[PDB]
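Okay, final_24.tsv now, which holds TSV, C-alpha atoms:
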```tsv
chain	number	residue	atom	x	y	z
A	7	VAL	CA	47.50	4.44	128.20
A	8	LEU	CA	47.99	0.65	128.33
A	9	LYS	CA	45.11	-1.38	129.80
A	10	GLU	CA	45.10	-4.85	131.33
A	11	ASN	CA	42.78	-5.82	128.44
A	12	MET	CA	43.83	-4.23	125.13
A	13	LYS	CA	42.05	-4.55	121.78
A	14	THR	CA	43.55	-4.40	118.27
A	15	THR	CA	42.14	-3.86	114.79
A	16	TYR	CA	44.15	-5.49	111.97
A	17	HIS	CA	44.58	-4.81	108.26
A	18	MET	CA	47.10	-6.57	105.99
A	19	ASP	CA	47.79	-6.13	102.27
A	20	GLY	CA	49.91	-8.91	100.82
A	21	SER	CA	50.85	-11.09	97.90
A	22	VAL	CA	52.42	-14.53	97.49
A	23	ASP	CA	53.81	-15.46	94.06
A	24	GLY	CA	51.49	-13.10	92.27
A	25	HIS	CA	48.34	-13.81	94.33
A	26	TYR	CA	47.10	-10.63	96.03
A	27	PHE	CA	45.04	-10.73	99.23
A	28	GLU	CA	43.82	-8.63	102.15
A	29	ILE	CA	43.11	-9.72	105.73
A	30	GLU	CA	41.28	-7.95	108.55
A	31	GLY	CA	40.26	-8.80	112.07
A	32	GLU	CA	40.36	-8.03	115.77
A	33	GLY	CA	42.41	-9.06	118.77
A	34	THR	CA	42.31	-8.93	122.57
A	35	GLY	CA	45.03	-9.58	125.10
A	36	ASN	CA	46.85	-8.82	128.32
A	37	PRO	CA	50.09	-7.02	127.36
A	38	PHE	CA	51.65	-7.48	130.81
A	39	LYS	CA	51.10	-11.24	130.64
A	40	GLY	CA	52.23	-11.42	127.01
A	41	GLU	CA	48.96	-13.09	125.95
A	42	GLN	CA	46.72	-12.26	123.00
A	43	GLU	CA	43.99	-13.87	120.90
A	44	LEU	CA	43.15	-12.83	117.34
A	45	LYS	CA	40.20	-13.41	115.01
A	46	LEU	CA	41.11	-12.84	111.35
A	47	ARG	CA	39.21	-13.10	108.06
A	48	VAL	CA	40.39	-13.07	104.46
A	49	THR	CA	38.63	-10.05	102.97
A	50	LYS	CA	40.11	-10.06	99.44
A	51	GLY	CA	41.72	-12.80	97.36
A	52	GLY	CA	40.24	-15.66	99.37
A	53	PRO	CA	40.47	-18.54	99.65
A	54	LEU	CA	44.23	-18.35	100.11
A	55	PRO	CA	46.10	-20.90	97.94
A	56	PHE	CA	48.89	-21.23	100.55
A	57	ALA	CA	49.29	-22.27	104.19
A	58	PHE	CA	48.14	-19.48	106.51
A	59	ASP	CA	51.07	-20.11	108.84
A	60	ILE	CA	53.52	-18.24	106.61
A	61	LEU	CA	51.56	-15.07	107.51
A	62	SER	CA	50.77	-15.63	111.17
A	63	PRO	CA	53.87	-14.07	112.89
A	64	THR	CA	53.08	-10.85	110.99
A	65	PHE	CA	49.88	-10.48	113.04
A	69	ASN	CA	53.07	-6.89	118.20
A	70	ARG	CA	55.76	-7.21	120.86
A	71	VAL	CA	53.84	-4.94	123.23
A	72	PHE	CA	52.24	-8.28	124.16
A	73	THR	CA	55.34	-9.72	125.84
A	74	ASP	CA	55.72	-10.56	129.54
A	75	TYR	CA	58.80	-8.54	130.52
A	76	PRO	CA	60.55	-8.78	133.90
A	77	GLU	CA	60.07	-5.75	136.13
A	78	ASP	CA	63.76	-4.81	136.04
A	79	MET	CA	64.30	-5.30	132.29
A	80	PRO	CA	63.66	-2.24	130.11
A	81	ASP	CA	60.66	-2.83	127.84
A	82	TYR	CA	61.43	-1.34	124.43
A	83	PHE	CA	57.91	-1.93	123.16
A	84	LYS	CA	55.83	-0.66	126.06
A	85	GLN	CA	58.16	2.35	126.30
A	86	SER	CA	57.33	3.19	122.67
A	87	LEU	CA	53.74	4.01	123.66
A	88	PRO	CA	51.62	6.06	123.07
A	89	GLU	CA	53.27	6.74	119.70
A	90	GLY	CA	54.04	3.09	118.93
A	91	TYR	CA	56.73	1.36	116.90
A	92	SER	CA	57.29	-0.29	113.53
A	93	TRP	CA	59.18	-3.35	112.35
A	94	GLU	CA	60.60	-4.93	109.20
A	95	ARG	CA	61.33	-8.63	108.76
A	96	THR	CA	62.91	-11.10	106.36
A	97	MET	CA	61.95	-14.77	106.31
A	98	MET	CA	64.18	-17.24	104.44
A	99	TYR	CA	62.91	-20.79	103.98
A	100	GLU	CA	65.17	-23.80	103.56
A	101	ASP	CA	63.64	-24.52	100.13
A	102	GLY	CA	64.57	-21.12	98.69
A	103	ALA	CA	61.25	-19.38	99.31
A	104	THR	CA	61.57	-15.87	100.70
A	105	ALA	CA	59.20	-13.39	102.27
A	106	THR	CA	59.37	-9.88	103.66
A	107	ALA	CA	56.87	-8.23	105.97
A	108	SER	CA	56.41	-4.83	107.62
A	109	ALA	CA	54.03	-3.48	110.22
A	110	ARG	CA	53.27	-0.28	112.08
A	111	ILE	CA	51.69	-0.44	115.55
A	112	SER	CA	49.81	2.70	116.61
A	113	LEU	CA	46.87	3.68	118.82
A	114	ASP	CA	43.37	4.97	118.25
A	115	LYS	CA	40.49	5.56	120.68
A	116	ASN	CA	39.62	1.83	120.64
A	117	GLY	CA	43.08	0.31	121.15
A	118	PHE	CA	45.93	-0.72	118.86
A	119	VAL	CA	45.89	-0.23	115.11
A	120	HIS	CA	48.00	-2.87	113.35
A	121	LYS	CA	48.73	-2.21	109.65
A	122	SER	CA	50.97	-4.67	107.83
A	123	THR	CA	52.21	-5.80	104.44
A	124	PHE	CA	53.52	-9.17	103.29
A	125	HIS	CA	55.40	-10.21	100.13
A	126	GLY	CA	56.36	-13.83	99.44
A	127	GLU	CA	58.00	-15.40	96.42
A	128	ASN	CA	59.33	-18.72	95.13
A	129	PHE	CA	57.25	-20.97	97.36
A	130	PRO	CA	57.43	-24.27	95.42
A	131	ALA	CA	54.19	-25.07	93.60
A	132	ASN	CA	54.15	-28.66	94.90
A	133	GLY	CA	55.67	-27.89	98.29
A	134	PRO	CA	53.87	-28.07	101.61
A	135	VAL	CA	53.11	-24.32	101.81
A	136	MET	CA	51.35	-24.20	98.45
A	137	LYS	CA	49.65	-27.54	99.19
A	138	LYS	CA	48.39	-26.11	102.51
A	139	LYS	CA	50.06	-28.74	104.69
A	140	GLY	CA	51.08	-26.39	107.52
A	141	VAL	CA	49.68	-27.04	111.00
A	142	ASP	CA	51.53	-24.85	113.56
A	143	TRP	CA	54.90	-23.24	114.22
A	144	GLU	CA	57.07	-24.82	116.89
A	145	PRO	CA	57.50	-22.71	120.03
A	146	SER	CA	60.57	-20.61	119.41
A	147	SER	CA	63.32	-18.66	121.17
A	148	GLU	CA	64.10	-15.28	119.59
A	149	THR	CA	67.34	-13.51	120.49
A	150	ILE	CA	66.88	-9.75	120.94
A	151	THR	CA	70.01	-7.64	120.47
A	152	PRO	CA	70.15	-3.87	121.07
A	153	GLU	CA	71.97	-1.81	118.46
A	154	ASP	CA	72.15	1.93	119.13
A	155	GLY	CA	68.48	2.91	119.31
A	156	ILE	CA	66.82	-0.14	117.71
A	157	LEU	CA	66.43	-3.87	118.34
A	158	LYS	CA	67.40	-6.78	116.11
A	159	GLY	CA	65.62	-10.10	116.55
A	160	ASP	CA	66.83	-13.44	115.18
A	161	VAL	CA	64.83	-16.67	115.52
A	162	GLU	CA	65.00	-20.08	113.84
A	163	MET	CA	61.44	-21.05	112.95
A	164	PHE	CA	60.09	-24.55	112.22
A	165	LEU	CA	56.71	-24.97	110.53
A	166	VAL	CA	55.07	-28.24	111.57
A	167	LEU	CA	53.32	-29.96	108.67
A	168	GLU	CA	50.67	-32.65	108.64
A	169	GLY	CA	52.40	-35.87	109.64
A	170	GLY	CA	54.94	-34.08	111.84
A	171	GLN	CA	57.73	-33.09	109.44
A	172	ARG	CA	59.13	-29.59	109.98
A	173	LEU	CA	59.90	-26.92	107.37
A	174	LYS	CA	62.77	-24.64	108.44
A	175	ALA	CA	62.94	-20.86	108.09
A	176	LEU	CA	65.19	-18.10	109.44
A	177	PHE	CA	63.42	-14.95	110.67
A	178	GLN	CA	65.30	-11.66	111.10
A	179	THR	CA	63.52	-8.54	112.36
A	180	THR	CA	64.41	-4.90	113.01
A	181	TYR	CA	62.23	-3.17	115.64
A	182	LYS	CA	62.12	0.62	115.70
A	183	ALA	CA	60.54	2.85	118.34
A	184	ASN	CA	59.44	6.25	117.23
A	185	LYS	CA	61.48	7.96	120.00
A	186	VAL	CA	64.35	7.64	122.47
A	187	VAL	CA	63.64	4.90	125.04
A	188	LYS	CA	65.80	3.12	127.60
A	189	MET	CA	67.51	0.24	125.79
A	190	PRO	CA	67.44	-3.30	127.28
A	191	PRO	CA	70.38	-5.69	127.36
A	192	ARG	CA	70.62	-8.57	124.95
A	193	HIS	CA	67.85	-10.97	125.96
A	194	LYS	CA	65.52	-13.62	124.54
A	195	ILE	CA	61.79	-13.83	123.91
A	196	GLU	CA	60.18	-17.26	124.09
A	197	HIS	CA	57.15	-17.56	121.80
A	198	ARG	CA	54.29	-20.01	121.47
A	199	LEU	CA	51.95	-19.23	118.56
A	200	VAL	CA	48.96	-21.55	118.06
A	201	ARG	CA	46.52	-21.49	115.13
A	202	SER	CA	42.94	-22.78	115.13
A	203	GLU	CA	39.81	-22.09	113.09
A	204	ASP	CA	36.14	-21.22	113.68
A	205	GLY	CA	34.40	-21.59	110.33
A	206	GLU	CA	35.87	-18.93	108.04
A	207	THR	CA	37.64	-17.21	110.96
A	208	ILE	CA	41.35	-17.84	111.42
A	209	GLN	CA	42.18	-17.76	115.13
A	210	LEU	CA	45.66	-17.11	116.51
A	211	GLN	CA	46.92	-17.22	120.10
A	212	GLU	CA	50.41	-16.05	121.10
A	213	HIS	CA	52.12	-16.20	124.48
A	214	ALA	CA	55.47	-14.43	124.71
A	215	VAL	CA	57.84	-14.03	127.66
A	216	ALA	CA	61.14	-12.14	127.80
A	217	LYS	CA	63.98	-13.74	129.76
A	218	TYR	CA	67.58	-12.93	130.62
A	219	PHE	CA	70.42	-15.00	129.27
A	220	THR	CA	72.53	-17.10	131.65
```

What does the file become when written as structure tokens?
Amino acid sequence: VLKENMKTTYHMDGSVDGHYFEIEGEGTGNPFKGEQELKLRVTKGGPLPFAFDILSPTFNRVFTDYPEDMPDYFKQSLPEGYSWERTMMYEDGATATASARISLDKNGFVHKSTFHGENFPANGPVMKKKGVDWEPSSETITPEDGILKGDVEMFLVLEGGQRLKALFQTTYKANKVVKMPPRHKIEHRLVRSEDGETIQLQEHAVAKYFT
């Protein structure tokens, strides 16, 4: 069952140009309002030698404010959940892939993910930890038989205001037959802050019709 306040427990295994790491933490949010707040900690391989922002979109479209009349692929996937796979191509040739499975236990969501990045330039802003925040984005969601494809142009804001461009493509897969939505868009705003050694993330996400 899906509560007005839902918790999550997170575990990620990942590596970026040969540096292995693990991250764990907890989240809370209102899935019907598309709001969530996360508290994450690097549990292995810390401190990270790269900007945390390249990981942050890996850390659940159940937290999306959907219109009443638009079929909600992600909330329909419950209680079993859904999984997704994503490619991330940066304008400087760096590439990353990520996967996650969203499931339930007695306490709330279980979010298990992996991340693999390569060819981030040694003297570039990611490896020099110059990232600040992603721009708010507009992700196009396209139904294809029983799954969803998402495409979104992402722009990492660096210190000083320059943006680093990346293209994100995602395949979302429910574990069962659900009612498919039309092509639509999800507007995202992901914001990163810190509390000591804790990485904090806040996402707000709203689905909208085209036209």

How big is the axis-aligned box around all listed atoms of region 131-136 of chain A once 3 Å goes on each side, and where's its centre, in Å to one decimal, as JSON?
```
{"center_x": 53.5, "center_y": -26.4, "center_z": 97.7, "size_x": 10.3, "size_y": 10.5, "size_z": 14.2}
```

Using only C-alpha atoms, collect all residues at a distance of at most 8 Å from (54.5, -16.7, 120.3) as written in the file, then present them as a compact mmCIF listing (two decimals) with C-alpha atoms, in the coordinates of the input.
```txt
# COMPACT_ATOMS: atom_id res chain seq x y z
CA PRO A 63 53.87 -14.07 112.89
CA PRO A 145 57.50 -22.71 120.03
CA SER A 146 60.57 -20.61 119.41
CA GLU A 196 60.18 -17.26 124.09
CA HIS A 197 57.15 -17.56 121.80
CA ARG A 198 54.29 -20.01 121.47
CA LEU A 199 51.95 -19.23 118.56
CA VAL A 200 48.96 -21.55 118.06
CA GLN A 211 46.92 -17.22 120.10
CA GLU A 212 50.41 -16.05 121.10
CA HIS A 213 52.12 -16.20 124.48
CA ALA A 214 55.47 -14.43 124.71
```

Practice task
Considering all atoms listed in the file, state which residue in the set A:183, A:216, A:18, A:167 is at the smallest distance from residue 92 (chain A).
Solution key: A:183

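From CA of residue 133 (chain A) back to CA of residue 177 (chain A), the distance works out to 19.5 Å.
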
Handout entry: Distance query 7 Å from (43.4, -7.8, 110.0) using all atoms listed in the file, result as an MDAnalysis selection string
Key = chainID A and resid 15:18 29:32 46

Problem - Residue contacts of residue 64 (chain A) (8 Å, all atoms listed in the file) excluding same-chain residues fewer than 2 positions away, as a PyMOL selection string - result: chain A and resi 61-62+107-109+122+124

Kindly export the residues of the current selection with C-alpha atoms, as a PDB file, in the frame of the given file.
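The result, stored in again_9.pdb:
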```pdb
ATOM      1  CA  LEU A  61      51.560 -15.070 107.510  1.00  0.00           C
ATOM      2  CA  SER A  62      50.770 -15.630 111.170  1.00  0.00           C
ATOM      3  CA  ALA A 107      56.870  -8.230 105.970  1.00  0.00           C
ATOM      4  CA  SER A 108      56.410  -4.830 107.620  1.00  0.00           C
ATOM      5  CA  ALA A 109      54.030  -3.480 110.220  1.00  0.00           C
ATOM      6  CA  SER A 122      50.970  -4.670 107.830  1.00  0.00           C
ATOM      7  CA  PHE A 124      53.520  -9.170 103.290  1.00  0.00           C
TER       8      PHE A 124
END
```
